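Shown next, in structure tokens, is the structure this report addresses.
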Number of protein chains: 2
Amino acid sequence: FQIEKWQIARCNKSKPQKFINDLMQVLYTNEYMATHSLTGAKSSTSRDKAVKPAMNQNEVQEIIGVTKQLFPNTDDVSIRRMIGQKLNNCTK
Amino acid sequence: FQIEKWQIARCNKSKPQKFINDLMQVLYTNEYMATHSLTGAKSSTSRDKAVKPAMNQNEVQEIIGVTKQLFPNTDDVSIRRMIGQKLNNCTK
DNA sequence: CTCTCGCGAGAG
DNA sequence: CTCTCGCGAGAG
């Protein structure tokens with residue numbers, strides 16, 4: 001798995017969260033994003049038995065890598081929170 | 001309320017979260033930080049009746065301003081999450 | 001204390 | 001969908 005320039009070309013480049021939101025929407029379905037978390041961890045505040053499974057970590061790192069080259073002043077942990085925020089955008 | 005250089009001089013300058021953690025520890029008690037949130041909002045996941053009151057928003061903005069001048073590549077919303085993380089560091 | 005990170009209400 | 005932001009387990 002490698003993100004291609006034709007996928008990046010279709011994404012907002014003004015702000016990293018806007019870039020991640022578009023790029024994630026290019027790569028993944030709303031249903032996929034609604035039912036996955038970044039890491040597959042159980043939430044400290046979930047009483048629910050069911051836990052969302054993780055994203056593919058190779059895909060995570062490709063997304064971070066592409067984002068880091070467009071937004072080199074953004075750190076790794078910030079981009080990880082941006083991915084999590086986009087997944088959460090798909091859960092209402 | 002104005003943060004002075006003698007307060008900033010005592011803080012880690014390598015990373016913004018480390019700078020915020022030190023600066024907050026210079027300004028505030030552990031008990032204060034344990035019992036306040038950034039905004040005073042009720043948590044979506046709190047079943048507790050009791051809600052932590054907000055920080056003084058003039059103090060928040062002075063902290064953000066000092067941080068922004070040391071870490072100009074850090075955005076406003078990131079620094080706000082860093083303040084929240086330091087408050088949370090004092091709650092165990 | 002410290003960091004990470006899924007939750008989810010509420011406002012848009 | 002989107003952002004903000006307090007929670008808090010678990011690992012350090």
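A, B, ... follow the sequence lines: proteins, then strands. Residue 1 opens every chain.
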Judged by atom type as modelled, is there a donor-acceptor pair below 3.5 Å linking the side chain of B:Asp48 to the main-chain atoms of B:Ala50? no
Nearest heavy-atom neighbours spanning B:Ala54 and B:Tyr32: O-OH, 4.4 Å
Show which side-chain atoms of residues 57-68 of chain A pair as donor or acceptor with protein atoms under 3.5 Å away, not counting sequence neighbours.
| from | atom 1 | to | atom 2 | distance (Å) |
| --- | --- | --- | --- | --- |
| A:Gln57 | NE2 | A:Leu38 | O | 2.9 |
| A:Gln57 | NE2 | A:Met55 | O | 2.8 |
| A:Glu59 | OE1 | A:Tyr28 | OH | 2.6 |
| A:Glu62 | OE2 | A:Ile3 | N | 2.8 |
| A:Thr67 | OG1 | A:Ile63 | O | 2.8 |
| A:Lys68 | NZ | A:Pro72 | O | 2.7 |
| A:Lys68 | NZ | A:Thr74 | O | 3.1 |

Positions of residues 51-71 of chain B (non-hydrogen atom under 4.0 Å from DNA chain D), listed by number: B:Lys52
The first and last nucleotides of DNA chain D lying within contact of chain A, meaning any atom under 4.0 Å from one of its heavy atoms, run from D:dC1 to D:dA9
Minimum heavy-atom distance between A:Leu87 and A:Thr91, given as atom pair plus value: O-CG2, 3.6 Å
Does A:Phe1 belong to the same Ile/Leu/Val/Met/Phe/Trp/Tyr cluster as A:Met24, with side-chain heavy atoms less than 4.5 Å apart forming each link? yes
Return the minimal non-hydrogen interatomic distance between B:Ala41 and B:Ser37, and the atom names on each side. N-OG, 4.0 Å
So, A:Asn21 and A:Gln17: side-chain donor and acceptor under 3.5 Å apart, yes or no? yes
With a 3.5 Å cut-off and no angle check, do the side chains of A:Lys18 and A:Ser14 form a donor-acceptor pair? no
Could you list by number each residue of residues 14-33 of chain A showing a heavy-atom separation from DNA chain C of less than 4.0 Å, or answer none if no residue does? none
Would you check if B:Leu23 and B:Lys86 make a side-chain contact, meaning some heavy-atom pair closer than 4.5 Å? no
Rounded to the nearest 0.5 angstrom, the CG-CD distance for B:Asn89 and B:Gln85 is 5.5 Å
Using side-chain contact (heavy atoms from CB on, under 4.5 Å), reason through A:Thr39 and A:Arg80 one step at a time and then give a plain yes or no. CA-CA 10 Å; A:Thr39 74; A:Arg80 291 177 71 81; 3.6 Å; yes
Do B:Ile79 and B:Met33 sit in the same hydrophobic cluster, where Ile, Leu, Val, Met, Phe, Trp and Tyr count as joined when their side-chain heavy atoms come under 4.5 Å apart? yes
Residues from residues 35-50 of chain B lying under 4.0 Å of DNA chain D - heavy atoms: B:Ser37, B:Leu38, B:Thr39, B:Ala41, B:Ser43, B:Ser44, B:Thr45
Flag, side chain of A:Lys13 to backbone of A:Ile8, donor-acceptor distance under 3.5 Å: yes
For DNA chain C, which residues of residues 73-92 of chain A approach it to below 4.0 angstrom with any heavy atom? A:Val77, A:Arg80, A:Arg81, A:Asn88, A:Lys92
What's the shortest heavy-atom distance between A:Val26 and A:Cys11, and which atoms? CG2-SG, 4.4 Å
Going hydrophobic residue to hydrophobic residue with side-chain gaps under 4.5 angstrom, can you get from B:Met82 over to B:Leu70? yes
